[PDB]
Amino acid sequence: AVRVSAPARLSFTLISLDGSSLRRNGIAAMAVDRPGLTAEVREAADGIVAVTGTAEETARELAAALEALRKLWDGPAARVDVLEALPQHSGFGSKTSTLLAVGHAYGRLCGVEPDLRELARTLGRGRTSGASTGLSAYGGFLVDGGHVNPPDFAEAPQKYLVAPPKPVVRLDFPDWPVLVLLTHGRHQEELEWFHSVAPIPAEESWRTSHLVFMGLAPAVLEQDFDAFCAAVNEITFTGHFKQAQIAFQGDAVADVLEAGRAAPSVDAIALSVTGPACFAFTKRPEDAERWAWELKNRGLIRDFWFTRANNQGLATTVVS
């Protein structure tokens, strides 16, 4: 049995979504320990693939992947037990991350030492984002540079959409705690919404790159907490595309974001994609704990925990 552990992906924002930029997409993101993945891959005695833990959507994709990889690497039929599943469609990058974790695990069970980028590609993942792919096996803080726009992009709708973008920035995240918040956000509809908001104005695409590459990244690099928070907040309460994500989601997340900005125990707060997960940074975590406990009791958030960044990516060890 191979026992794989992997961090969740928290996303800051999408970058280039205008009708005239050289490239499209591009994502700033970081990895954290909780919520985490823990799965155990081993030989199925009867010779039939199996998947335990996790919801039906990923459960089938897990099986399809393991069926695929079986004949790819000529390995055995494998049972995987997801002991700790990453919350699905909650803004944690669960599908990409689990698939790569289990995939890498099934590889180690065989002989192979797979490349996660080509594995992601094999399994149909990372056709918009390199975030979760990058964050497996590097962890930390990264920004991928998206995809090159073809000559006939002046028209767009290619923003909606194989080749998973490599990280153009990749840094260790400082030893700062991260407060995770489960809001009452929900998870067609958005396909329609996406076309109503995008393509965004060029100025904003540019500005987002500015806040990501000349705000977030240098501050992470230099371990400047104040500078880091100033950039996280400016993205959250000001990022054109982020605002659209927030506004669409509604009061359920907006109230929590606003409360964090108000709260003096919270130095910055963010939404991860659209999914209910928000996250926050604080130099007074003891005060923040009490604030989030207060929020959870009142029923404005479902849950909260502190975690820390993962600067490794996934990790495997052989057990029995």
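From 1 onward, residues are counted along the sequence shown.
Colleague: Going by the record, give me the number of deposited-sequence residues missing between residue 187 and residue 188 as none, 1 to 3, 4 to 9, or 10 or more.
Modeller: In the record, 1 to 3 residues between residue 187 and residue 188 lack coordinates.
Colleague: Can you count the deposited residues that have no coordinates between residue 161 and residue 162 and report it as none, 1 to 3, 4 to 9, or 10 or more?
Modeller: Gap between residue 161 and residue 162: 4 to 9 residues without coordinates.
Colleague: Should the higher mean CA B-factor in the entry be assigned to 225-233 or to 148-156?
Modeller: In the deposited entry, the stretch with the higher C-alpha B-factor mean is 148-156.
Colleague: Please work out which of 189-197 and 122-130 has the higher mean CA B-factor as recorded in the PDB entry.
Modeller: Here the higher of the two C-alpha B-factor means belongs to 189-197.
Colleague: Per the coordinate record, which of the options 27, 37, 51, 288 holds the highest CA temperature factor?
Modeller: Top of the list by C-alpha B-factor: 51.
Colleague: Looking at 171, 109, 168, 212, which has the highest CA B-factor as recorded?
Modeller: Checking the PDB record, the top C-alpha B-factor among 171, 109, 168, 212 is at 109.
Colleague: Select lowest, middle or highest to describe the third in which the CA B-factor of residue 261 falls within its chain in this entry.
Modeller: Its C-alpha B-factor belongs to the middle third of this chain's values.
Colleague: Sorting by Cα B-factor within the chain, modelled residues only, which third would residue 17 end up in: lowest, middle or highest?
Modeller: CA B-factor rank for residue 17: middle third.
Colleague: Select lowest, middle or highest to describe the third in which the CA B-factor of residue 320 falls within its chain in this entry.
Modeller: Its C-alpha B-factor, which the entry lists for residue 320, ranks in the highest third among residues of this chain.
Colleague: Once the chain's modelled residues are ordered by C-alpha B factor and cut into thirds, is residue 138 in the lowest, middle or highest one?
Modeller: Lowest third.
Colleague: Is the Cα B-factor recorded for residue 175 in the lowest, middle or highest third of its chain?
Modeller: Tercile = lowest for this residue's CA B-factor.
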